[PDB]
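Read through the structure below, which is laid out as structure tokens, and then see the notes.
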Ligand SMILES: *[C@@H]1O[C@H](CO)[C@@H](O[C@@H]2O[C@H](CO)[C@@H](O[C@@H]3O[C@H](CO)[C@@H](O)[C@H](O)[C@@H]3O)[C@H](O)[C@H]2NC(C)=O)[C@H](O)[C@H]1NC(C)=O
Ligand SMILES: *[C@@H]1O[C@H](CO)[C@@H](O[C@@H]2O[C@H](CO)[C@@H](O[C@@H]3O[C@H](CO)[C@@H](O)[C@H](O)[C@@H]3O)[C@H](O)[C@H]2NC(C)=O)[C@H](O)[C@H]1NC(C)=O
Ligand SMILES: *[C@@H]1O[C@H](CO)[C@@H](O[C@@H]2O[C@H](CO)[C@@H](O[C@@H]3O[C@H](CO)[C@@H](O)[C@H](O)[C@@H]3O)[C@H](O)[C@H]2NC(C)=O)[C@H](O)[C@H]1NC(C)=O
Ligand SMILES: *[C@@H]1O[C@H](CO)[C@@H](O[C@@H]2O[C@H](CO)[C@@H](O)[C@H](O)[C@H]2NC(C)=O)[C@H](O)[C@H]1NC(C)=O
Ligand SMILES: *[C@@H]1O[C@H](CO)[C@@H](O[C@@H]2O[C@H](CO)[C@@H](O)[C@H](O)[C@H]2NC(C)=O)[C@H](O)[C@H]1NC(C)=O
Ligand SMILES: *[C@@H]1O[C@H](CO)[C@@H](O[C@@H]2O[C@H](CO)[C@@H](O)[C@H](O)[C@H]2NC(C)=O)[C@H](O)[C@H]1NC(C)=O
Ligand SMILES: *[C@@H]1O[C@H](CO)[C@@H](O[C@@H]2O[C@H](CO)[C@@H](O)[C@H](O)[C@H]2NC(C)=O)[C@H](O)[C@H]1NC(C)=O
Ligand SMILES: *[C@@H]1O[C@H](CO)[C@@H](O)[C@H](O)[C@H]1NC(C)=O
Ligand SMILES: *[C@@H]1O[C@H](CO)[C@@H](O)[C@H](O)[C@H]1NC(C)=O
Ligand SMILES: *[C@@H]1O[C@H](CO)[C@@H](O)[C@H](O)[C@H]1NC(C)=O
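Now the structure itself:
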């Protein structure tokens, strides 16, 4: 009552949005390993499966799609994970020399090359027999036969180590302690904004690291019907994403059986190019029936008619520039296929207001692959002693708006390509992470049979949120190491090269940042003069300068998220005045305990 | 009362496995201002203060000590040490060079003068030098081409050894962090997977010197009095067979070769030490050893071998051909690479006087496993005169057809992981779980780990639990010079890194224990008693047998192996009640 | 009686120890996008308002030649320059001979030089004109057309990293926990002996990296009586350090409008040099105010003849030796400066306007320490001015025997270490650890005034003043810059930087002290308050101290330090006897 002796609270189920370093999870990568060269590309600790997942149904929150910081780290992580890969790999340094080449017909784009190379200490190789594609050389000296080397002006002599494999792994992702990822269990709800049905998630689903253009290889389904996600404010001038309800696999073909042919170059230097092919090569294709795709295009216009009153729907092909963006990068088999999709949008959509049931697409894989965000450091891959038929279900799409005005109601959808980020935004569009301040403080009250939610206490009955505070901490910050409890030193602590990892050093950074909160909290608990108690009734009465509500209403329906920001005017204010009076207690009995 | 009233027993002596990298320790008299120059370890920077241990014998358990987790750390660790020293070393540019070799004054297969042709690094002068090199470490083609190519130049790079650093194996006491026990067994005769009556826990190992083996165990510790194999191996003939040894054997092996050094510059900061001229004699490295003792050992061997083979007829045959280094014995004293042809040592047959061994040396060493890493031997002047202790062997069931006496051993050189497995079979690393609650029927300095009911022996391990981070007690790491030796040179990040990684594990394990202390409102006092009823759904047994007939180990094994929810269930019983005494007081 | 022991946790125990150095940036006033590796692109911002407490009653010797923190910090800048050069490129193909011409006249100073090369892999040859000095080119074959770089024949050579600069940011060296920094506010303190007027500060003041040789600029002015420092005045082979209360500015600038040429080496390498010249060039001359330079030399021989009277001191130059030593090395904003000190020491000064400095510029910079590596300096476009105050000098004493008895002095220099010794005369960091016991005959305000308070008193205020010290032990935002938790969210960066290594260094050891403190709180005293932690057993037969409470009324904590030589084991004997009570209180609760 009016005694108003304000009382601290430890472990209050509250949260603040914060951005801190992530954490990974690899039960499945720890479940099997043929060779650790993918683990060299993708190293992570297991996570003890069947994790706990809890629903918080009574509190909506504003989800901010397109603008979460969790996008930013995971993209810059993987580039660094691409950096560790290329550190031991050799640099193809003398290679921007001239080329004499003659074209080979089986098509018409495959060309062998032999030239006066000085590759080793000795052995001037001139019978060099090196087969290349049209797309992997720059045509120079067109009357002569020079015709070579796309990007050797810049630092592109990096190449792939042949023993290293590239097959992506579904990787779950967790958080360091004191942080919890929020998962909206509403269904495909918007492209930006809040949602009611939500939940906490400790560790997300698995994500294969996959990058493709205008196209969603091995993606994630939509349990609803087809949905769209946009920003819808600069909608006229911004590429947005498309999510598909069902999926279609596409089996994509084999050129022919192939040969590796190590060429003597130097110290660790022996790369590969094809000198032999078993038989006569067939044109690479990705095989699919039109009719299922014919079904999908109608489903698009349904979403288009939801946005547009009655606009015409047109599909031209995108412009000539950015050829990797124009085509479709299929990186399956560790091999970077590109396929012409001009056989896809011959049809523009008829406003309604089997001739070719199936379709295969013309394809050319490239042998040299460039870093996209800057100029320099292209990645070279060696050929395979084989021919690969990969297949992947396709679950989404990326398209441009193509903004303008031409015939007043007719707008075109040329296809839309992007960066690696927007590939990775899409699956993460149901996940946001917050931090935990377990401490709270509210004035006193009158008088001095289930598992519960982590945030359902803040979800509903914030007055009756007075219980279960401890177990809300025992998974989230407490148990500093909740990932593989006992802190399993495992196939990450086992068999790690150099002991200088992106993960473990950050993991070293992780657990230290865990405790200095908790200890520094408990420092502050000692500064508050009490530890080991959830509450501590303290010796200032609540001055009503801060608020004017009644006692019962606060223990009625007042959300913690409400109640924290009402008292955010007096954050350090309500801190300092009681601890100094607690320090005034400290100057009372200390002089008394001298005698 | 008859109800289960549970109450915390902190510090109950229970162990359970955990894989964890651990501490090391070395003598303070060993370093001699050359922590780096002795070997890559910086002579194991944390000191070895005291061996003060106790031995802990109540009962035996089969800790199946054959399969072992410690080794995999250590064999990873050693490779981390060898690239560590070799990283500031410099590469070799003249890799695949012709180098027409000639020998001085005809013994054959030796060092060849190879007339080193080179143009230097960035300058433009075709020079000629004196390349004095073995037949072994180099390869020509076609017997008319003097294309003496380097044996690994097509494979990978090669680098000089930074020759200030020597190659001495240091007796190192591999210790452990907090909450960790190193199991050992003073009972004799246990072969890998075994139990052990005379059993004990230590905090540090003895001063192990892990160095080099092809098939023989060198400078290793002795066995029991009976020369008996103490490993577990399946009866498949492809399973490798180690054996220990009682009688230490000592062999004189030396160089009749008094070479000089020569430095050859190529590039900036790149002068290359090579073999100079040899003073005086040029004879082959050999190994004097008494075969009568080898006769005396071999008789003592086969009797135990006939005992484990139901009186089979064992005949030793010389091993098959193959790799140069698996077959011929790369044994390395003085940091040089003796290869010894053991064709004198298995012309031997069984049914019911100073042998001298001709040897030879190659320079260039690869990893057997990762094909990208090669190491070059620096020339050292003088003549190497050193020996060894010999206390173990490794062979294999060969596997011929049964028209023989049904046992042939043709020896085999193997993987390195074997060589740490060779001694740690009597070792095991376990983790300690001072947590524990038993139902206690009440409505709210001898030895560390033994007994069935702890009168106060749990408190003894709390003293070990308060060896956590005292900063002053010499037993843990003393954290006084150990706290200062790391902070000076932590930039090395090879050896002190795991130490500070051990600090990481040291705190948060303890801190989570410090949490779960304060989580249940226990706040020390070792008891933390609660008036919470618990049903006999878990146990309808006499409480008295639970006290004394059984310990708390097997009681934890029996019913507690699953009741991990009781932690949460005693949490909420606290959590509700603490709110109740908050709400009522 | 008296129980002969009580625990008394918080007691100020100053104690010499060497821990890892800690520091923070003050780029908060700068916020430069340019990294400037010394600036660390703002490691961590500093405290605006620290507090400083002077302890008057303490005297203590502080050797200013046995500091660890100098060479540690000297090691740091060496390691700092490692993370500078290791990103950018080395001049590996550029180590070849070259034919060179003089542009005009001066008189052979500036050298336009030419060479056939293919820094490209695309297999061409052409002559590459480039503009140089006489100062960096070795002549070959009777000084004919053959020329090379002086360096690169031994060391390895890199290009300096173009996007950053070479400006020192004053920074506050500091301490996380336990240990702290000391200052002595008295004067004429050569670095030996004790001193009074002693303070302690948590951090340091803003300290800029001093790098120049034979010259001391932008540093400690210390405006009291002119003092001089050296190690051992018996030995002539000791460095003689000058402090001056006055600050002579010296303006020095580029006498040349110049441009940049960027020679494309190859893929992302792209060497930078000077493009051209606008007009003619001079030798970057400088002004000293010779009359003040007349004045300064009058001031210094006073204290010199105060130390050694009737010694007719004459100035001499150094012999022809090492160019780092014999010349004034100098940096200000980029390039390097080498001015002749010959025009100083024609003066003698035995008994009683403007100036010119011909100056030189070395492009290549070899390894100061031993041999290993070398650095190339690319030029900067346009003219650059620099005027800077001079605070001090380094000198030496010759050793040849005079029958005139003259003390001949010549320029002393050639150690990057002593630039750090130049500032750290006042500064010492000792461990402070809160533990200390006392047999007390009990019934059985100044802020951070630790040693001003006495072990004689050990007063009730001395108790609460260590309560202030355990207020220092806990860290949150703005009590602690590492536990400034706003920067902790900002610190998403990699910690592979040496400074980031210092972060993960200093934080955990601060914790495990505070843990190891908190580990020993309960097991020793079983109390939160430091006094009521008491022990019964009468250490008389083995503490063995012929004293009393009335002796303790006039004592000190160094007595307790002398007690530690005798009783260090007795704490463990106390602690097992401390264990004796709760093992008998256990059987009260056991049965
Ligand atoms: C997709 O839509 C775009 C425009 O909405 C079409 O681009 C148009 O292509 C035609 C054919 O080349 C262009 O016609 C020519 O234009 C030039 C320059 O204006 C003119 O001099 C010629 O006489 C001829 O008319 C037209 O300009 C161009 N429009 C734009 C805006 O670029 C494209 O053809 C459509 N895709 C398909 C498959 O039809
Ligand atoms: C400053 O320091 C220099 C270097 O120590 C002193 O140079 C020395 O000057 C004397 C006086 O001329 C030289 O003596 C000469 O010796 C030759 C050969 O015996 C003789 O032919 C001359 O007549 C004269 O006696 C001495 O060689 C020279 N030494 C060096 C190393 O330069 C100089 O005297 C000092 N001056 C002052 C004012 O301190
Ligand atoms: C530092 O002080 C010196 C003086 O000791 C300054 O040098 C003086 O600079 C002026 C202007 O640059 C010179 O005057 C010029 O003389 C030439 C030749 O007669 C004339 O053609 C010009 O129009 C101008 O009148 C003066 O001769 C020169 N004297 C000396 C002794 O150096 C110097 O500029 C000062 N530097 C700074 C940064 O303050
Ligand atoms: C590419 O061209 C090269 C050279 O024109 C071909 O290499 C020749 O192969 C035949 C047998 O396969 C040899 O007899 C010749 O000696 C080779 N040439 C040289 C210069 O040695 C190569 O077969 C051609 N490959 C393709 C796929 O077109
Ligand atoms: C709200 O999210 C919850 C999960 O947080 C969803 O709960 C699932 O609901 C279905 C249908 O009742 C059950 O099959 C599942 O077992 C429920 N999961 C759990 C955790 O209980 C619910 O479907 C969501 N609602 C919306 C509209 O998507
Ligand atoms: C006494 O023990 C039994 C057996 O463990 C408990 O039965 C469990 O009760 C929960 C609900 O509280 C059920 O969800 C479980 O399925 C039951 N277990 C089994 C094996 O059927 C019983 O609850 C315990 N009694 C009390 C009062 O806690
Ligand atoms: C050296 O040059 C500096 C740079 O101009 C001179 O400093 C100037 O001094 C005058 C007179 O005191 C002032 O009016 C200017 O404001 C100062 N400007 C700057 C930028 O400092 C300095 O006086 C010169 N000294 C000598 C000895 O030449
Ligand atoms: C609980 O809060 C809601 C939200 O304002 C309100 O509508 C409702 O009336 C409250 N309950 C009572 C009993 O007033
Ligand atoms: C057979 O083994 C027994 C011991 O089991 C031994 O007494 C006897 O000597 C053995 N015979 C052979 C031939 O070794
Ligand atoms: C020393 O301490 C005394 C008090 O004991 C004080 O009066 C005196 O001023 C102090 N002297 C200084 C400043 O060191």
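Protein chains in written order, with our numbering: chain A, -6 to 588; chain B, 463 to 1047; chain C, 25 to 615. Each residue gets a CB set at the ideal place from its N, CA and C atoms; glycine is no exception.
Distance check for residue j and residue i, CA to CA, integer angstroms please.
i: residue 268 of chain C; j: residue 345 of chain C; result: 27 Å
i: residue 39 of chain A; j: residue 301 of chain A; result: 47 Å
i: residue 801 of chain B; j: residue 824 of chain B; result: 7 Å
i: residue 674 of chain B; j: residue 391 of chain C; result: 40 Å
i: residue 308 of chain C; j: residue 276 of chain C; result: 6 Å
i: residue 264 of chain C; j: residue 214 of chain C; result: 11 Å
i: residue 553 of chain C; j: residue 523 of chain A; result: 13 Å
i: residue 478 of chain B; j: residue 494 of chain B; result: 40 Å
i: residue 233 of chain C; j: residue 185 of chain C; result: 19 Å
i: residue 827 of chain B; j: residue 536 of chain B; result: 21 Å
Ends of the alpha helix (DSSP H) at residue i?
i: residue 585 of chain A; result: 564 to 585
i: residue 755 of chain B; result: 753 to 769
Can you tell me whether residue i sits near ligand 9, meaning its C-beta is under 8 Å from at least one heavy atom of the ligand?
i: residue 765 of chain B; result: yes
Is residue i close to ligand 3? I mean its beta-carbon at under 8 Å from any heavy atom of the ligand.
i: residue 305 of chain C; result: no
Under DSSP, the beta strand (DSSP E) around residue i begins and ends at which residues?
i: residue 590 of chain B; result: 588 to 591
Inset, instruction - Could you tell me whether the segment 812 to 823 of chain B touches the segment 630 to 650 of chain B, using the rule of 3 or more Cβ pairs below 8 Å? - result: no
Legend entry - the segment 245 to 264 of chain A touching the segment 380 to 389 of chain A, judged by at least three CB pairs closer than 8 Å: yes
Inset, instruction - Say whether the segment 644 to 661 of chain B touches the segment 861 to 875 of chain B, bearing in mind that this needs 3 or more beta-carbon pairs closer than 8 Å, one atom from each stretch. - result: no
Inset, instruction - Could you tell me whether the segment -5 to 7 of chain A touches the segment 429 to 439 of chain A, where touching means 3 or more Cβ pairs closer than 8 Å? - result: Contact between the segment -5 to 7 of chain A and the segment 429 to 439 of chain A is present, because at least three Cβ pairs lie under 8 Å.
Inset, instruction - Kindly confirm or deny that the segment 962 to 971 of chain B and the segment 525 to 540 of chain C touch, where touching means at least three C-beta pairs closer than 8 Å. - result: Contact holds: three or more Cβ-Cβ distances are below 8 Å.
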